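Have a look at the structure below, then the notes.
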Amino acid sequence: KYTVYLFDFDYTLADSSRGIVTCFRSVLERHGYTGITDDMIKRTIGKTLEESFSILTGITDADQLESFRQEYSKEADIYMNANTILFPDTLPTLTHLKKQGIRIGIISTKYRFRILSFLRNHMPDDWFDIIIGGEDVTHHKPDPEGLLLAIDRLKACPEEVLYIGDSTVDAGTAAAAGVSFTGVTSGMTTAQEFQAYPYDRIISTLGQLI
């Protein structure tokens with residue numbers, strides 16, 4: 001039995017893909033990168049901004065990637081949370097878990113400040129026994145640093161922890177952390193793709209968690 005459910009954010013608790021595609025596109029196109037499709041961008045969602053830019057442009061220079069990251073953040077300040085929506089099952093699910101007395105948290109590559117700002121005008125404050133974002137860690141998912149950090153801060157036993165995500169990055173993160181995984185196909189990752197990694201279940205919607 002799990003007493004702690006930890007969630008990925010993008011594509012798992014919230015559909016942020018419209019805001020994410022808008023911000024990536026503005027930056028890519030200001031630098032001359034054309035014919036990059038929405039799907040090409042969406043498939044990188046949940047990688048670090050630097051990883052995403054590298055995949056899409058082929059640039060590896062640390063300075064240039066940092067510069068894209070900064071330019072992206074600036075767009076995101078404007079468009080991100082305005083173009084992020086809740087999933088149909090987000091609020092009822094998390095309400096149901098909290099009534100069970102399960103502890104909930106978020107481990108995400110998106111900046112925590114960005115998540116909190118989203119949460120402020122969507123979820124009841126303050127849901128969420130712990131939130132670890134991209135700025136809280138040096139190494140990012142699939143590195144287990146953030147996940148292990150959260151488990152540590154909660155004084156949890158990994159045996160009682162379920163990690164829930166939409167991507168193979170998330171699946172890799174749970175495995176690396178030695179915690180149970182439940183995949184949700186609400187992102188761009190299919191049930192066939194999750195087969196490469198350990199899981200309990202693979203569900204279509206978060207509501208199926210209940």
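Just remember, in the structure tokens the first chain shown is A, the second B, etc., residues are 1-based per chain, and ligands are 1-based in the order shown.
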
Find the residues near residue 63 of chain A: any atom within 12 Å, counting only C-alpha atoms, skip ones fewer than 6 places away on the same chain, and give them as a JSON list (two decimals) with C-alpha atoms, in the first residue's frame.
```json
[["chain", "number", "residue", "atom", "x", "y", "z"],
["A", 50, "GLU", "CA", 18.69, 22.87, -22.41],
["A", 54, "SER", "CA", 19.78, 20.66, -28.03],
["A", 69, "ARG", "CA", 16.92, 28.98, -21.60],
["A", 70, "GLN", "CA", 16.89, 32.63, -20.51]]
```

Find the spatial neighbours of segment 135-146 of chain A, counting only C-alpha atoms, within a cut-off of 9 Å - ignore same-chain residues fewer than 2 positions away - and output them as a JSON list (two decimals) with N, CA and C atoms, in the first residue's frame.
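Output below, filename around.json:
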```
[["chain", "number", "residue", "atom", "x", "y", "z"],
["A", 46, "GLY", "N", 9.28, 17.67, -20.74],
["A", 46, "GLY", "CA", 9.70, 16.95, -19.52],
["A", 46, "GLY", "C", 11.21, 16.68, -19.45],
["A", 47, "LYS", "N", 11.91, 17.04, -20.53],
["A", 47, "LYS", "CA", 13.37, 17.11, -20.55],
["A", 47, "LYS", "C", 13.71, 18.52, -20.06],
["A", 48, "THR", "N", 14.97, 18.76, -19.70],
["A", 48, "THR", "CA", 15.39, 20.13, -19.29],
["A", 48, "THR", "C", 15.30, 21.05, -20.51],
["A", 107, "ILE", "N", 7.18, 16.21, -8.11],
["A", 107, "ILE", "CA", 8.60, 16.29, -8.54],
["A", 107, "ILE", "C", 8.66, 16.56, -10.05],
["A", 108, "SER", "N", 9.19, 17.72, -10.40],
["A", 108, "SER", "CA", 8.99, 18.25, -11.72],
["A", 108, "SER", "C", 10.28, 18.90, -12.20],
["A", 109, "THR", "N", 10.45, 18.93, -13.53],
["A", 109, "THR", "CA", 11.57, 19.66, -14.13],
["A", 109, "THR", "C", 11.24, 21.15, -14.32],
["A", 110, "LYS", "N", 9.95, 21.49, -14.35],
["A", 110, "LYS", "CA", 9.53, 22.88, -14.48],
["A", 110, "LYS", "C", 9.94, 23.58, -13.17],
["A", 111, "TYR", "N", 10.23, 24.88, -13.25],
["A", 111, "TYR", "CA", 10.61, 25.65, -12.08],
["A", 111, "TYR", "C", 9.47, 25.64, -11.08],
["A", 112, "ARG", "N", 9.83, 25.41, -9.82],
["A", 112, "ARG", "CA", 8.89, 25.42, -8.72],
["A", 112, "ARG", "C", 8.11, 26.70, -8.56],
["A", 113, "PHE", "N", 8.78, 27.85, -8.69],
["A", 113, "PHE", "CA", 8.09, 29.15, -8.66],
["A", 113, "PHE", "C", 6.99, 29.21, -9.71],
["A", 132, "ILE", "N", 9.07, 19.84, -5.43],
["A", 132, "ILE", "CA", 10.46, 19.95, -5.90],
["A", 132, "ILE", "C", 10.36, 20.31, -7.38],
["A", 133, "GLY", "N", 10.97, 21.44, -7.76],
["A", 133, "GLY", "CA", 11.00, 21.92, -9.16],
["A", 133, "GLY", "C", 12.41, 21.84, -9.74],
["A", 148, "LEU", "N", 14.44, 11.43, -4.72],
["A", 148, "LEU", "CA", 15.07, 11.03, -3.46],
["A", 148, "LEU", "C", 15.06, 12.17, -2.44],
["A", 149, "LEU", "N", 15.24, 13.41, -2.90],
["A", 149, "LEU", "CA", 15.16, 14.58, -2.04],
["A", 149, "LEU", "C", 13.78, 14.67, -1.35],
["A", 150, "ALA", "N", 12.71, 14.56, -2.14],
["A", 150, "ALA", "CA", 11.35, 14.61, -1.62],
["A", 150, "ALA", "C", 11.04, 13.53, -0.57],
["A", 151, "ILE", "N", 11.35, 12.27, -0.91],
["A", 151, "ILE", "CA", 11.23, 11.12, 0.00],
["A", 151, "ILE", "C", 11.96, 11.39, 1.32],
["A", 168, "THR", "N", 8.60, 8.40, -20.29],
["A", 168, "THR", "CA", 9.66, 7.46, -19.95],
["A", 168, "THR", "C", 10.74, 8.07, -19.09],
["A", 169, "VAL", "N", 10.93, 9.40, -19.19],
["A", 169, "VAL", "CA", 11.77, 10.16, -18.23],
["A", 169, "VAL", "C", 11.29, 9.90, -16.80],
["A", 170, "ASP", "N", 9.98, 10.00, -16.62],
["A", 170, "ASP", "CA", 9.40, 9.78, -15.29],
["A", 170, "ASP", "C", 9.57, 8.33, -14.87],
["A", 171, "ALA", "N", 9.32, 7.41, -15.81],
["A", 171, "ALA", "CA", 9.47, 5.98, -15.52],
["A", 171, "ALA", "C", 10.90, 5.67, -15.13],
["A", 172, "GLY", "N", 11.86, 6.17, -15.92],
["A", 172, "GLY", "CA", 13.29, 6.08, -15.58],
["A", 172, "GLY", "C", 13.61, 6.68, -14.21],
["A", 173, "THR", "N", 12.97, 7.79, -13.87],
["A", 173, "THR", "CA", 13.23, 8.46, -12.57],
["A", 173, "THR", "C", 12.80, 7.57, -11.43],
["A", 174, "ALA", "N", 11.60, 7.00, -11.51],
["A", 174, "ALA", "CA", 11.13, 6.12, -10.42],
["A", 174, "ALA", "C", 12.04, 4.91, -10.25],
["A", 175, "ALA", "N", 12.41, 4.27, -11.37],
["A", 175, "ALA", "CA", 13.32, 3.09, -11.33],
["A", 175, "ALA", "C", 14.63, 3.46, -10.69],
["A", 176, "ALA", "N", 15.26, 4.51, -11.19],
["A", 176, "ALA", "CA", 16.50, 5.02, -10.59],
["A", 176, "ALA", "C", 16.37, 5.27, -9.06],
["A", 177, "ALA", "N", 15.21, 5.77, -8.62],
["A", 177, "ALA", "CA", 14.95, 6.00, -7.19],
["A", 177, "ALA", "C", 14.57, 4.75, -6.39],
["A", 178, "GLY", "N", 14.25, 3.65, -7.07],
["A", 178, "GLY", "CA", 13.81, 2.43, -6.40],
["A", 178, "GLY", "C", 12.42, 2.60, -5.79]]
```

Among the residues of segment 4-173 of chain A, find those DSSP assigns to strand (DSSP E) from the backbone and print them as a ChimeraX atom specification.
-> /A:4-7,14-15,85-86,103-107,130-132,161-165

Those residues with N, CA, C and O atoms, as a PDB file, in the first residue's frame please?
```pdb
ATOM      1  N   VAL A   4       2.016   7.771   0.068  1.00  0.00           N
ATOM      2  CA  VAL A   4       2.577   8.960  -0.561  1.00  0.00           C
ATOM      3  C   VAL A   4       2.495   8.795  -2.092  1.00  0.00           C
ATOM      4  O   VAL A   4       3.090   7.872  -2.669  1.00  0.00           O
ATOM      5  N   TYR A   5       1.749   9.682  -2.739  1.00  0.00           N
ATOM      6  CA  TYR A   5       1.680   9.708  -4.197  1.00  0.00           C
ATOM      7  C   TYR A   5       2.416  10.944  -4.701  1.00  0.00           C
ATOM      8  O   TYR A   5       2.013  12.061  -4.409  1.00  0.00           O
ATOM      9  N   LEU A   6       3.500  10.744  -5.445  1.00  0.00           N
ATOM     10  CA  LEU A   6       4.271  11.866  -5.975  1.00  0.00           C
ATOM     11  C   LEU A   6       3.983  11.946  -7.462  1.00  0.00           C
ATOM     12  O   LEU A   6       3.959  10.928  -8.165  1.00  0.00           O
ATOM     13  N   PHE A   7       3.731  13.164  -7.920  1.00  0.00           N
ATOM     14  CA  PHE A   7       3.321  13.402  -9.288  1.00  0.00           C
ATOM     15  C   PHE A   7       4.335  14.255 -10.032  1.00  0.00           C
ATOM     16  O   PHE A   7       4.862  15.231  -9.487  1.00  0.00           O
ATOM     17  N   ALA A  14      -1.346  18.821 -15.157  1.00  0.00           N
ATOM     18  CA  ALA A  14      -1.787  19.971 -15.924  1.00  0.00           C
ATOM     19  C   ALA A  14      -1.362  19.800 -17.375  1.00  0.00           C
ATOM     20  O   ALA A  14      -0.267  19.294 -17.647  1.00  0.00           O
ATOM     21  N   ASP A  15      -2.215  20.198 -18.323  1.00  0.00           N
ATOM     22  CA  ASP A  15      -1.764  20.199 -19.701  1.00  0.00           C
ATOM     23  C   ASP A  15      -1.164  21.575 -19.986  1.00  0.00           C
ATOM     24  O   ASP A  15      -1.887  22.524 -20.297  1.00  0.00           O
ATOM     25  N   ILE A  85      -3.737  24.334 -18.617  1.00  0.00           N
ATOM     26  CA  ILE A  85      -5.073  23.996 -18.079  1.00  0.00           C
ATOM     27  C   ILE A  85      -4.949  22.798 -17.116  1.00  0.00           C
ATOM     28  O   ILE A  85      -4.027  21.991 -17.263  1.00  0.00           O
ATOM     29  N   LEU A  86      -5.877  22.668 -16.170  1.00  0.00           N
ATOM     30  CA  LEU A  86      -6.030  21.420 -15.393  1.00  0.00           C
ATOM     31  C   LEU A  86      -6.515  20.265 -16.299  1.00  0.00           C
ATOM     32  O   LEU A  86      -7.201  20.502 -17.288  1.00  0.00           O
ATOM     33  N   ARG A 103      -0.451  11.462   1.554  1.00  0.00           N
ATOM     34  CA  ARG A 103       0.363  12.657   1.340  1.00  0.00           C
ATOM     35  C   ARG A 103       0.687  12.796  -0.153  1.00  0.00           C
ATOM     36  O   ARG A 103       1.041  11.819  -0.823  1.00  0.00           O
ATOM     37  N   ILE A 104       0.543  14.002  -0.682  1.00  0.00           N
ATOM     38  CA  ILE A 104       0.796  14.203  -2.098  1.00  0.00           C
ATOM     39  C   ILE A 104       1.921  15.199  -2.290  1.00  0.00           C
ATOM     40  O   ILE A 104       2.168  16.046  -1.455  1.00  0.00           O
ATOM     41  N   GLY A 105       2.640  15.063  -3.389  1.00  0.00           N
ATOM     42  CA  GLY A 105       3.703  15.995  -3.699  1.00  0.00           C
ATOM     43  C   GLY A 105       3.938  16.027  -5.198  1.00  0.00           C
ATOM     44  O   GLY A 105       3.334  15.254  -5.948  1.00  0.00           O
ATOM     45  N   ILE A 106       4.805  16.938  -5.621  1.00  0.00           N
ATOM     46  CA  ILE A 106       5.164  17.115  -7.040  1.00  0.00           C
ATOM     47  C   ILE A 106       6.690  17.029  -7.184  1.00  0.00           C
ATOM     48  O   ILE A 106       7.422  17.694  -6.443  1.00  0.00           O
ATOM     49  N   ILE A 107       7.177  16.207  -8.111  1.00  0.00           N
ATOM     50  CA  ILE A 107       8.598  16.294  -8.537  1.00  0.00           C
ATOM     51  C   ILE A 107       8.655  16.563 -10.049  1.00  0.00           C
ATOM     52  O   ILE A 107       8.182  15.788 -10.875  1.00  0.00           O
ATOM     53  N   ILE A 130       4.869  18.379  -0.468  1.00  0.00           N
ATOM     54  CA  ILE A 130       6.167  18.789  -1.008  1.00  0.00           C
ATOM     55  C   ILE A 130       6.113  19.047  -2.517  1.00  0.00           C
ATOM     56  O   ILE A 130       5.388  18.363  -3.258  1.00  0.00           O
ATOM     57  N   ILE A 131       6.883  20.035  -2.950  1.00  0.00           N
ATOM     58  CA  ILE A 131       7.012  20.363  -4.348  1.00  0.00           C
ATOM     59  C   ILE A 131       8.490  20.614  -4.521  1.00  0.00           C
ATOM     60  O   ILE A 131       9.060  21.448  -3.822  1.00  0.00           O
ATOM     61  N   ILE A 132       9.073  19.843  -5.428  1.00  0.00           N
ATOM     62  CA  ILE A 132      10.459  19.947  -5.897  1.00  0.00           C
ATOM     63  C   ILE A 132      10.364  20.310  -7.378  1.00  0.00           C
ATOM     64  O   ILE A 132       9.696  19.584  -8.155  1.00  0.00           O
ATOM     65  N   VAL A 161       5.797   4.722  -1.383  1.00  0.00           N
ATOM     66  CA  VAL A 161       5.792   5.823  -2.353  1.00  0.00           C
ATOM     67  C   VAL A 161       5.450   5.326  -3.757  1.00  0.00           C
ATOM     68  O   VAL A 161       6.062   4.384  -4.270  1.00  0.00           O
ATOM     69  N   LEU A 162       4.441   5.958  -4.346  1.00  0.00           N
ATOM     70  CA  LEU A 162       4.119   5.762  -5.750  1.00  0.00           C
ATOM     71  C   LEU A 162       4.486   7.020  -6.524  1.00  0.00           C
ATOM     72  O   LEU A 162       4.106   8.110  -6.131  1.00  0.00           O
ATOM     73  N   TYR A 163       5.257   6.863  -7.599  1.00  0.00           N
ATOM     74  CA  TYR A 163       5.505   7.982  -8.512  1.00  0.00           C
ATOM     75  C   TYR A 163       4.641   7.856  -9.778  1.00  0.00           C
ATOM     76  O   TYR A 163       4.615   6.797 -10.414  1.00  0.00           O
ATOM     77  N   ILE A 164       3.961   8.933 -10.164  1.00  0.00           N
ATOM     78  CA  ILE A 164       3.017   8.914 -11.297  1.00  0.00           C
ATOM     79  C   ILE A 164       3.424   9.939 -12.358  1.00  0.00           C
ATOM     80  O   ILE A 164       3.530  11.119 -12.055  1.00  0.00           O
ATOM     81  N   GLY A 165       3.648   9.501 -13.601  1.00  0.00           N
ATOM     82  CA  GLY A 165       4.152  10.416 -14.635  1.00  0.00           C
ATOM     83  C   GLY A 165       3.600  10.006 -15.977  1.00  0.00           C
ATOM     84  O   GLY A 165       2.963   8.936 -16.081  1.00  0.00           O
TER      85      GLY A 165
END
```

Atom CA of residue 67 of chain A and atom CA of residue 115 of chain A, how far apart in Å?
-> 22.1 Å

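Closest approach to residue 191 of chain A among A:18, A:73, A:166, A:206: A:166, based on only C-alpha atoms.
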
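Atom CA of residue 71 of chain A to atom CA of residue 45 of chain A spans 17.1 Å [interatomic distance, one decimal].
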
For atom CA of residue 28 of chain A and atom CA of residue 72 of chain A, the interatomic separation in Å (one decimal) |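 Atom CA of residue 28 of chain A sits 9.4 Å away from atom CA of residue 72 of chain A.
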
May I have the residues within 12 Å of residue 92 of chain A as a VMD selection string, using only C-alpha atoms and disregarding those fewer than 2 positions away in the same chain?
-> chain A and resid 13 86 to 90 94 to 99 123 to 124 206 to 210

Residue neighbourhood residue 39 of chain A, 12 Å, only C-alpha atoms, exclusion window fewer than 5 positions, as an MDAnalysis selection string | chainID A and resid 17:18 20:21 24:25 44:45 56 187:189
